[PDB]
Structures are given as structure tokens and as C-alpha cells.
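What follows is a single structure, written as C-alpha cells, with notes after it.
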Amino acid sequence: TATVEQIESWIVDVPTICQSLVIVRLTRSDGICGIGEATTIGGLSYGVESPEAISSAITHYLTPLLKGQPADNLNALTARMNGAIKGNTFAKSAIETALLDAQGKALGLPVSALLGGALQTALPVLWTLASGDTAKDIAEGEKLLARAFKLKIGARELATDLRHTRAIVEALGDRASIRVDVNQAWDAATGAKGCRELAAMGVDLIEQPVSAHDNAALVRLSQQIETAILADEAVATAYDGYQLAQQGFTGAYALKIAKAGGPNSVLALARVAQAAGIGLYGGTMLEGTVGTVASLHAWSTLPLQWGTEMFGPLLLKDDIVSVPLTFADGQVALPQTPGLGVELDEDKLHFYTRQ
Amino acid sequence: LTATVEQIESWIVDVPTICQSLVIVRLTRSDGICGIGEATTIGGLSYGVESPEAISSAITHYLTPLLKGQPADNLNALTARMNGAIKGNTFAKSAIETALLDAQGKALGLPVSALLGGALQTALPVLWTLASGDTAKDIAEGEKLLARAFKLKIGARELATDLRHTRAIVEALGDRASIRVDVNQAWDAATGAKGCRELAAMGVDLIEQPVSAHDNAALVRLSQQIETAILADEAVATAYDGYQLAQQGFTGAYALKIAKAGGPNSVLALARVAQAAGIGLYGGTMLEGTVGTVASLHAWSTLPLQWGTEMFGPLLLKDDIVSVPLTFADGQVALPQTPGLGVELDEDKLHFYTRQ
Amino acid sequence: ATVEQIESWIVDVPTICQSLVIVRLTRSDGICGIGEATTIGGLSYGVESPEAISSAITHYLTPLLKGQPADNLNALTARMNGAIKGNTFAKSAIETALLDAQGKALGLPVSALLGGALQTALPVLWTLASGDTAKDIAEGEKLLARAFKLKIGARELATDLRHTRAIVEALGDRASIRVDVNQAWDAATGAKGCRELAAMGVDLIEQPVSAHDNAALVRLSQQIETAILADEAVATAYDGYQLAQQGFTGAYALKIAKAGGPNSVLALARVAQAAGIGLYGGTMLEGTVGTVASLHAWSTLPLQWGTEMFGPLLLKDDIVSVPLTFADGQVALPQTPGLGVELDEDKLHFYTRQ
Amino acid sequence: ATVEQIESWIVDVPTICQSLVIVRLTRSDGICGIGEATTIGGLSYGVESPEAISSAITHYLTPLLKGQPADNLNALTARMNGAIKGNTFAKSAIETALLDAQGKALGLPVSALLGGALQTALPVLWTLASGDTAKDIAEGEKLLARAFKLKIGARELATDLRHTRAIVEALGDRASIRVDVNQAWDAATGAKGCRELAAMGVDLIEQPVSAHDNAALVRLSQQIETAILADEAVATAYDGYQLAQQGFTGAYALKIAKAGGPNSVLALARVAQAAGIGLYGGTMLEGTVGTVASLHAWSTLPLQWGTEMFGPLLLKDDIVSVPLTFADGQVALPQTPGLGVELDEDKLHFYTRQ
Ligand SMILES: [Mg+2]
Ligand SMILES: [Mg+2]
Ligand SMILES: [Mg+2]
Ligand SMILES: [Mg+2]
């Protein structure tokens, strides 16, 4: 017993080493509260959901729809949310995260336990190399080697992006796992040539080389390229995961709570992938501490062949939590106290709130 | 909140029917909390590859030494350990998973349905099966209930006879009743095509596993050409089977059963695969007593089941090994919402009905 | 003549322990036949354990078969499959015993009952799996002084590949090198691993991915540049047809335990032949009884990939009076009535578990 | 025991003439077996004529087999197929004689050599093909005094459909009505004709289109609302697998002549079973020898569609000492050593061609 009596949200702009986060605080009738985060990148340049539209969905639609409803019935709450609201998975993710945080506090259990239990309490976290200068990247990756790196490419001519990558592989490749992310930039022709070259040089994983508008090409590449392919934008929900797998895609999926609608909702996609023999990867939308740890609790319950990229907090100069997660030796420690394991620093929350 | 499994006990129990052999398990944690579970089948080895004695064997010789000493609150870790060391034996795994969930539910003061994300419904529909082998007897029985869904078992007689049998029941329990049939793998491809066409034509709403699980190809073809819904049973046990069949083009519904998947939580993966693929859901049974039946109901409660459930197993027994049975009424069963499964073991009965 | 009685024992024998389920079937005409159903590591490699196999025989197959005509294998098989789902290991032991007894009754070796042996000497490879590359190479070198099967999949991919590469370079010149991943690899690892294996010259890759992913197995068979051997992916003739129809190309690891016996496995073999799929005489590491039973069946077929019937060579002792003669990478097939081996009652009772 | 001699005669027996190719194989141990290879209409229905069948036996199979061990069917079969392409009719006769002889040597009926009979009495339907509806109905009514096969395809579609329709009306309530188009319909006629046949209650439609169009046969089996029986489209286990993999659903008309003998045909049967294809005991209108040889094989299998082994009933005389017993829509399978039939020397010499 206990219902959701209040839902608050704020658009927070925190300084980066500005990132806009949509923070939510949900209060249950039993006095317990929970927090959640929905963050994206580049306004509307990378996703259809912007911070202001995410805020809007929570305030005008999710709040009145959920207030008064039993707060512990995740399945019933999710059915209601999906039945009354199409898409808007980022907004839903923030809400679902807050619900789990509050429920965990009410039971004295970490979200991971609510999700069936953690397979591990320390998760691997890779580092992305994208300084714009090959020399810097190699240097930065070199200090960390003193074990997995993600290179962002697709913004330059193919020849230059390949030279850049090859340089990094030859310098770091024998001691680290090299992955690249083209984030939809390549057309089918460039994709085929680029992927063949990336595979030939030793790249371990190629992320979303073609547009999500061309899953047919993605499938073809996964069946012809001699290295692993990681689907990102091509797969958001369990429905997408089944569809792409059925179509013949082979490789891995970049799981993201924001694309699926939450720490719990993303698990359906995970199990569908597993059933189809698709590998798993813990993805991010560059969330701050709240959204990152929320994702981590879910990732902890699954075997993640490809690791995770939950380094979002490490890109911020400041966050809205009182205590940040602890990162060390290419890993992040998963809190195991009640709920998410982090708390809202109200002073910082107000300081960074947009308006 | 946390504890390790200290002991695991199991008994083969033979209970009288209106005997059905149940494999009951009691798992004891280091905090003193106990959880119970049930693994039951039909007709020894005639319907499945796991018999009551082999199930008992799997629990005693393999699952027990594998799980004792392990944290009992971490179902994901325990499941990975179980599947990593034990191939198949989903019936045995289901009894253990059920007990683990029962115990952690009691530990959190929550019903299993809540541990599974929450119940969408706390009262579930339960149809009745007509399988007396006599058309007249079946109609009478069904007539009594109509004073709403019936599952007719066929496939034991010549096609013409089974079709006349079903047609008679359809005419009699006409308007106010959903008629489903279960051939349980009995038909060859040719007989199945003819039989299924006739069944669809007479108004049957669902045809369960018309052909052999050795011929999923035929099952898929039938689901694409037959003018009524097809329900897969033996053709789908785990989420892996579920994905494969759907990818192959099967359209219709899946008969979810905790025994086939490995428990109340494990079966949920199959359910999600089905949902992602547009395949309907049905709450199936292996004719479990009260323990296995309620374990299944807790899982079924968290899902939208278009085809309802067939959890009438307890109603076929003259006695069970629980202190208090579930309450059935008006084509439904009430789902307990107390901590754990909501049912308690009656030790006096347990010992009385134990085989040895 | 009818089946009058069926006895079974779980026997734990010492290795260089292996648990065998031995069966003795008694016909109404005084003739007895023996059979064996053995697996590896309890329930770690298959769904049928020694105790579950014993249970199937004692509680279900015995009461089902007692009183039935013992010479009608077709009728007996139909009855068994009609009343018993799966449990192919138990059935294999029973079918073996029926054939052994039948052969004795007719004064013919089991191979003759199965239509006649094409050869009486079968090739037997050796498996290198000490976990140590240097040891494996040494051991294989001692034999070349010519087919080896390497077990991998228990370590990081790079390690297993380096391990296999070292063995191929040292023994590859004069020996067929095959590997067995026994379902260990996920799809991505499988693609990379298989390509690397093919590139280094491995002749056959056995069950690289999980039986839960026949789609991956099919894909790999169509793209990898070396032969793929299906094991767990194919047990019965039904599986054999399905996988072939799906597009799998390569070979099948025939095992009497997976199919239900020396005769039952022949149906899978014919389905494979019809589909252009190669054959391999597989084992579950059976003792002398189950090994010779498999051998009689294998003798009747063209086995492109040979056999791995070296199970008895891993035992310090067995429950038979006289073992099979292994020599020069081959094993001699007995041609006396029945299986050609007899149960040593003292050892049987000595090694019986209960 | 080796094959010492092989004799063969082209025999022309009177009908109610049919040309049979009879074989007698003598083993070094004095035991002999007989076989039969028969066809219909010279070369109008198959590629193997009685004279070509005789030639294959005399000029090729005989020198190939003489001197070889007579009890190893597998070895003999590999030798025969390795040296001779096709010519399954000739091989069937030789294989039958080998089994007959082996059975006598072991004191077992051929069915037992094939693993055991599931039944010793098999259903036999009657073919109505007088070309006249009235005559067909009369003959059918006389037999009902359980299953009929109507031959059609030689006339206009509307003519054949009205014909079958009349027969279904007259005999349909007391018997299973099947039709055989024997490859006569083009694809368009087949679609229209098969839909009409299904709608009027026909239980099985045999080979409606040409074997040159398996694609059409597959399409029809997937859209027609009644069972389809493949005949010319499937002869060997290879054909059986290919057609099944292509998507064909229905049944196969097994024939020892098409596969190469009572044993050889079993591989096709197992492939069909593995793929979920039903079985039917087919005939080329063999006399008693060829017919009983088929029956022994059919007895070991579950035949959902029965058999059409009525060949002997069309003859005024045969070359056997004692004919099979047909009664109550069935035929009795002899269970004495070998085939269970003996060659009648006088009748044999009397009917030998030249
Ligand atoms: Mg992306
Ligand atoms: Mg069933
Ligand atoms: Mg294996
Ligand atoms: Mg024909």
C-alpha cells in the first residue's frame, strides 16, 4: 500500500569539463521520495526528445496521469503510462527510475535487488576518445593503460576517419579493446567500405555505422563484416529488438534506459536480445549521476559481453547529487544501500535549475 | 533481507484425484525463513521428458549441493548458477525458483506477484476442461457451469469421431461459451490440416498444439492458413523456443507454463518475447496442486492474458498438502496477496501422502 | 520370445570416476543382452543424468517392455517412443541390450543385424584436453611416433586460439586437427573464433555455438571456410532433417545415446546422407559396452570424419570380461554373436554404486 | 557364403499380358532367393523397360556380384550403387533375392530382417480405371458386397470431375476415395481440378502435375484442401529430402522399384517420417514375388494411407507355387523364412519369353 501523491521536475543545466538534465522527484503517500533523471544530447540533433519536451511530458501528462495511483505496482503503472502516452521513453525513464528508488527505500533494498539481484557490484566502464586530435586521444588512452576505448568517427571524410582509427589501434590495440561509433553517419556504400577496413585493422566493435532509417543495411553489414556490429539508434524497445533480430541482425544491442523507458523496462529488451543470441552492452545518453547509477543497477543484473559506457558523470564539473559514484581501475562501484544509492543535493539542484 | 540457503528438502507426494504425483520442495534459509515449491507432471514420462522421480533426483543430487551456501535472496545470481551447471530439468528448476521466491516474498512481507513487478489483476479467469471421453457427459458437465470457457481434449480417436464429438459440444454449449480444443500433438500434418479447417469452420476459438513438436514447420504453416487461433504448447518451453518459433513466422498464442520455463520468474522472459513478437498469452498448467498452481498464478497476474488460464489443477484433487486451498468461484480464482505464495504446507498431510 | 526381465545398475568406474548405467535384459528363452547409457558430468553437459537414466529404465521402460516380443525391434521402438518422451539415453541402453540378445539368438554380431559391416576396423582419434599446450603437443607427438580433437571454450578467445594455433603448427603437418567448443561461444565470439580457426587450417569445428542458436550454427556453416560439426544441435532424425532444411552444411556427430540406440541412430544417418551432410562416429565417453554398441552401428556407414570412440581408453577398469583391442589409431570390431563383449559379474557388483 | 549364381527371365503372364523380370540368386551354401522387377507399359510409365531391366541384371549386376559375400547387404548395396547408376528396378530384384535367401538361411521372414513387422495383415485398396463410370461403379459396388483409387487425367477436366463425382456419390460413404492423375495435368488444370476434388470429398490426390514441375506440386500441397500424394516426384531418399525441404506437405508413394529394393526404400521412408511426410505402400503392378517383397517392407512401417498391393489380383496366372491370400480389403503377410513364396518351375519355364 501507498500511492504517488506528488511529482516534481526541474530542467538543470550543469557545467561540463553545459549539459541539460531533467530531474524528477516523486513523493509517495507514505512520505518516501525517489528521484530520476532523463537526459539527452544536443537538444534535438541526436534524438526526437528534447529536455524541454521531456519536461513538458512529465509536467502536463505523466504527473496528472500518475498522481493518486498505487506507487508499488510497477507493472500496472507501466501499462497505464504506455496506454495513455505514446513514445516519450525518456520522460517515462525518469519516472520509472524515481518509482524504483522510492520502492527500494521503502523496502531497504538497492534497485538492483528489486530487479532480481546484481550479478556483480563493480561494473566495467570504458572511455571515449574524441578530442578531435589523434595525438591527444592516443596520449589520453595511454595514461589509462598505465582497457577498452570507444572512438567517435563519421564527422570527417572516410579516409581521414580510418587513418585516425588505425593510428589509435596500432598504438593501443594490443593492450585495449578498440570500438568505434559512427552514430548513423555513413551511407550504405561508405558503410560497407568503412566497416571492411575497420574489421581488417582489428577494431572489436562497430557501433551504428548506418542510419536507423536503413536497418536493412545494418543487417546486411552484420552478416558480411568480419567484426562485431553494435546497434544503437536502430533499437530502442523490445519490439525493435525482436524485429531487428528476426530480420537476421547478428551482433550486439546498446541498451539504454532512456530508449526503453526505464531501468525495469529496458530488461524486456535485454531478455529478447538474449533469446535471439544478441550480445549486450550498457549504453548511455551521457546522464549525470542519477541516470547513470539507475542504468547501472539494471546493467548489474545482466551478463554484459561488451561492458558499459557509463562515464557520463566524469564529464561534468558538478552534479546535483550530494555524493558521486566512485570510479576506479576502468570500473564503477555500484551502491548497494536502499534505492539508487545516491541523494539529491537540494542546494545544487536549485543553483543549477534553469528557471 | 539477505540469507543463504541452508537446506533443501523434497518429497514425492501421491495425492488422490476425484493419484497425481507432486514433487514438493521446502527450502530453508539461514535466517530461518522457509519457501516451498512444486514440480508436477502428467502421466510419468508420457507427456514430458521429466518424471516425478527424475525431478526428485535432479533436486536431491544436483540442485541441492549446488545451491546450499549460496545467497538465497539473489534470484539472478542463483538462476545463472543453476543454468550454468544444469542443462534442461526445467521442472526441477521451477520448484526451486518457486521456493526461492516464496521465501524472499515472506522476507519482504510481499506476495510473489509484487516481487514480479505487481499484479495487473488479483482475480484470474480459469476455464474447465471437458475430457471424460463421453460427449454426453462432457456436455452435461459444461451445462452445469453455464447455469464460460471450455477446453476439449481430443486426438485419441479417429478424426471423424473427434470432430463429431467437438461439433456436438459446440452446438450444445453454443452462444455463451468459448470453445477451445487441445490435440496435444496427436495429429500428423495431413490430419491436422483437415481437422483444423473443420474446427475453425464450426467456430472453435482456439486449437492447441494440433501437430507434433517434432514438426514446428507444420505448426507455423497451420497458423498461417487456418481461420482461427493456434495455441502452441509443447512447441515452446523457454524464451529461446519462443523467439525461434515467432521468427519462423508462427502467429497465434503461447501456452506459458512455469514448469516448461524453469519457474515463475523464468517464464516471464518467454512472455516478453511473445509480447514483442505480437504473440498472445495463455496461463498453462501441468495439473499442479495448490502450490504449483498459485506459483503460476502469481506470474500470470503480472501479464495481460488474452486467452485466460487453465489453473484448475487443485479442483481435480480430493486432498492436497496445503493447510488452506485457493478459493475458486464464478469461473475465477482469487490470488492471495499475503507474503510469499500465500499458501502454507500442512506437514501432517505432507507426511501422510509422501510416497516414501 | 518375450522380454522377461530388465536389470540396471549405476556403476562408478575409476578413470586414468565415470558413471555408467549398465543394463541387462533377459529374454524368455534364456538369452541375455547388455547395454550402456553413459553421460559426462552429471547434468552439466546433458539433461539426462545417470540417476535419471536409471530411474527411466526401472520405473518406466521395464514395466512397459516386460512381456513384449523381444525380437521385434520396430514394434518395441514404436511402443517405447509412443509411451516415453525423450529419455534417449535410457532407450539407447535398452535398444543395445535388445540387439545384443538378438545377435546371440541368431549367432550374428550386431553389425550384421544392422545390415552388415562395411569395415571391421574403425579409425579412432585422440582428444587433447590437458589444458596445457606443451602437454597436449607432447602427448600428440607421442602418438605420431593421425587425427586429434582439441577441446576449447573454457578460456578467453585469444588464449584458446593461441593454444590451438600452437598445436596446429606442431602436429598439423601429419595429423587432422579438429576442435570442439562444445557450445561455449556466443554468436560474435563464434564468428571471430571460427574465422581464425579456419584461417590457421583447422579441419573441423565442432558445435561452436549453443544448441539454443541453430540460426548462428547455420550462418557459420555457410560463411566459415572450413567444416562445421553439429553435436548438441542434432540428436534425432527429426533434428537432423530440420537443421538440414534450414541450410546447415557440414557434418553431424552421430551418437547412439542422443538418438536412442544403435538402430535408431541409423535413421539420422540416412537423413544426413539424403541431405548431403557428412557423418562422424561420436561418443559420450562410454565404457566398452556402449562403445562397441556404437561401433557396430558405425561399421555399417561411410564415416567421412572417422570416430572418437576412445572412451574405454580413459578407464582404469571396466565391467566387461575382455576389452576391445585398440591399435594403430584404430579399433577392431568384434564379429562374434551379439555385441561381442561379456559382462564381468564380479567387477559389475564391485563397482556398483548402491 | 558367397553369391554363386544369378539367373533372370523375362516372364509374360496373362492378365484378366504383364511382363515380369524374375531373378533367382544361388548362394555358395546352396540356399537360393528370388526377386522381381516389374513395370507398366514398357517405357510409357518409367525409364526402365523389362528388356533393359533384364540387360542390367545379365550384363552388369551379375558379373559385379558373383563371388561376393552374400550376407552383407550394406556392402553389396555400396558395391551395386558405386558401379551402377540408376537402374533401381534391376537393383530392387537383386536386393529382394538377397533378402529372400538371407531369410531362409536364418529362418526368418524378410520383415524380421527389416527389424520386425508392426502388423502381419495390410490394407489393400482397389484401382478403378476402366475408363467408364458405370463399369467403375459396378466393380466398386461388387467389392463392397473399403478404399478405392480412381485413375483420371486422360479426358477433359469437366469429364473427369463428373466421373469422380459419380464414383464418390456411389462408393464414398463406405470407402476412402483417392484419385491418381499420374502427371497428366498442367498447372492451371491442376489448381482447378484439385480444388474441385477436395470440395467433393476426395481424401487423396496422387501426382496431379508433372514430375517436371515439383514447384507446382509443392504449391498445390500448400493450397489444396485435401492431401496430396507424390509418386513420380519422389523415388529415392535424396528426392524425398529435396521435395520435403522445398516445402511439400502430404504423403509419399513408396515403391521398392523406385528406391532399389525392400531395404533401400526404408531410407526414403525414414526421411519422410523425419520431415512429417505420410507414407503409402506403392506398386508397379508386380506379381506375387515383387508384391510380397514390398509387403515385407510396408509391414515395418506405419502407413497412414494404406497400400495398393493388388498386383497379383490382376493376373490369370503367376510364377509362384502358392499365391498370397487377399480378404476383407486386406492381404496376409507370410511369416515363414524369407519372402514366404516359392518359385513354380513349370509355370516359370512355361511363361518365359525367349
Ligand atoms: Mg548513437
Ligand atoms: Mg500439451
Ligand atoms: Mg558436445
Ligand atoms: Mg504414377
Side-chain angles (χ1 to χ4, degrees), chain A residues 250 277, chain B residues 83-84 87-88 240 244, chain C residues 39-41 43-48 88-89 125 127-129 147-155 157 160-161 163-164 176-198 202-236 238-244 246-259 265 268-269 272 275 277-285 294 303-311:
Chain A
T250 179
Chain B
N83 292 329
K87 298 294 187 178
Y240 299 110
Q244 289 166 34
Chain C
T39 187
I40 311 169
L43 290 176
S44 298
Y45 297 102
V47 306
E48 293 174 52
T88 59
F89 284 51
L125 56 67
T127 286
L128 303 173
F148 297 108
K149 169 173 161 169
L150 314 183
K151 280 298 195 89
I152 56 177
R155 285 127 64 172
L157 178 61
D160 280 341
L161 290 183
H163 168 71
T164 176
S176 174
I177 306 298
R178 304 91 173 286
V179 300
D180 180 12
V181 200
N182 196 47
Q183 297 186 276
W185 298 331
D186 54 279
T189 299
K192 180 187 175 67
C194 287
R195 276 195 291 280
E196 289 290 294
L197 290 169
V202 172
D203 295 323
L204 181 73
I205 305 172
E206 186 179 344
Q207 198 62 51
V209 299
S210 172
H212 287 148
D213 206 344
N214 283 170
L217 189 66
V218 171
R219 183 173 62 242
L220 289 165
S221 75
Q222 301 170 323
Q223 66 191 184
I224 303 298
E225 303 184 338
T226 194
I228 302 299
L229 208 218
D231 183 5
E232 281 70 19
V234 58
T236 69
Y238 299 109
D239 299 330
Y241 168 74
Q242 285 167 44
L243 189 58
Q246 208 175 314
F248 175 81
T249 178
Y252 289 164
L254 306 175
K255 297 186 180 182
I256 63 171
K258 293 191 298 177
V265 75
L268 201 210
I277 289 175
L279 306 177
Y280 175 70
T283 188
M284 287 296 66
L285 295 190
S294 303
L303 299 77
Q304 184 181 341
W305 299 95
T307 88
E308 47 174 32
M309 311 308 86
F310 58 76

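To find a chain, count down the sequence lines: A is the first, B the second, and so on, and within it residues start at 1. Just so you know, these numbers use all the heavy atoms, side chains as well, and skip hydrogens, waters and symmetry mates.
No side-chain heavy atom of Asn182(C) sits less than 4.5 Å from a side-chain heavy atom of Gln207(C). Two residues are said to be in side-chain contact when any heavy atoms from C-beta on lie closer than 4.5 Å; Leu204(C) and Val179(C) fail this criterion. Between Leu279(C) and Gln304(C) the shortest side-chain heavy-atom distance does not fall below 4.5 Å. Between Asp186(C) and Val209(C) the shortest side-chain heavy-atom distance does not fall below 4.5 Å. Counting heavy atoms from C-beta on, the side chains of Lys87(B) and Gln183(C) come closer than 4.5 Å.
The two residues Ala253(C) and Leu229(C) come nearest to each other via the heavy atoms N-CD2, 3.2 Å. Looking at every heavy atom in both residues, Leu268(C) comes nearest to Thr236(C) through CG-O, 3.6 Å. Here the closest heavy-atom approach between residue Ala275(C) and residue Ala244(C) is recorded as CB-CB, 3.8 Å. Shown here for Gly193(C) and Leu157(C), the closest heavy-atom pair between the two residues is CA-CD1, 3.9 Å. Heavy atoms only, all atoms of each residue included: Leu125(C) and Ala147(C) are closest at CB-O, 3.2 Å. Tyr280(C) and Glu308(C) make their closest contact through OH-OE1, 2.6 Å (heavy atoms, listed as atom of the first residue, atom of the second, distance).
Between atom CD of residue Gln223(C) and atom CZ of residue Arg195(C) there is a gap of 7.0 Å, rounded to the nearest 0.5 Å. A distance of 8.5 Å separates OG1 of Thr226(C) from CG of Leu197(C), quoted to the nearest 0.5 Å. Residue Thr164(C) holds its OG1 atom at 14.0 Å from NZ of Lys151(C), rounded to the nearest 0.5 Å. Taking OG from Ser210(C) and CD from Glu232(C), the interatomic distance works out to 9.0 Å, rounded to the nearest 0.5 Å. In this structure, the separation between CG on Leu150(C) and CD1 on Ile177(C) is 5.5 Å, given to the nearest 0.5 Å.
When atom types are taken as modelled, the side chain of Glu206(C) and the backbone of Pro208(C) share no donor-acceptor pair closer than 3.5 angstrom. Judged purely by atom type and a 3.5 angstrom limit, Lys258(C) has no side-chain atom pairing as donor or acceptor with the backbone of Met284(C). Using a distance-only test at 3.5 Å, with no hydrogens or angles considered, a donor-acceptor pair links the side chain of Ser44(C) to the main chain of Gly41(C). Checking side-chain atoms of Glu48(C) against main-chain N and O of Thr88(C) turns up a donor-acceptor pair under 3.5 Å. Side chain of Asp160(C) to main chain of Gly153(C): a donor-acceptor pair is present (N/O by atom type, distance under 3.5 Å, no hydrogens or angles).
By the side chain to side chain donor-acceptor pair (under 3.5 Å) test, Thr283(C) is found to be paired with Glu286(C), residues two or more places apart in sequence or in another chain being considered. Residues forming a ring pair (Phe, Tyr, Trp, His ring centres under 6.0 Å) with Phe148(C) (at least two apart in sequence, or on another chain): none.
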Donor-acceptor pairs are to be reported for all side-chain atoms of residues 213-221 of chain C against protein atoms at under 3.5 Å, with residues two or more places apart or in another chain.
residue: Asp213(C); atom: OD1; partner: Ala216(C); partner atom: N; Å: 3.0
residue: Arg219(C); atom: NH2; partner: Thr250(A); partner atom: OG1; Å: 3.1
residue: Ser221(C); atom: OG; partner: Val218(C); partner atom: O; Å: 2.7
residue: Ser221(C); atom: OG; partner: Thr249(C); partner atom: N; Å: 3.3

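For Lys192(C), the NZ atom counts as loosely surrounded, since its 6.0 Å shell holds 12 or fewer non-hydrogen atoms of other residues, nucleotides or ligands. The local environment of CZ in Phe310(C) is crowded, with over 12 non-hydrogen atoms from other residues, nucleotides or ligands closer than 6.0 Å.
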side-chain contact (heavy atoms from CB on, under 4.5 Å) evaluation trace for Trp185(C) with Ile152(C): CA-CA 10 Å; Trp185(C) 298 331; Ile152(C) 56 177; 4.0 Å; yes
Trace of the side-chain contact (heavy atoms from CB on, under 4.5 Å) decision for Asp231(C) with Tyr252(C): CA-CA 6 Å; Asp231(C) 183 5; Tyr252(C) 289 164; over 6 Å; no
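Looking at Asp203(C) and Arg178(C), no side-chain N of the basic residue comes within less than 4.0 Å of a carboxylate O on the acidic one, giving no salt bridge.
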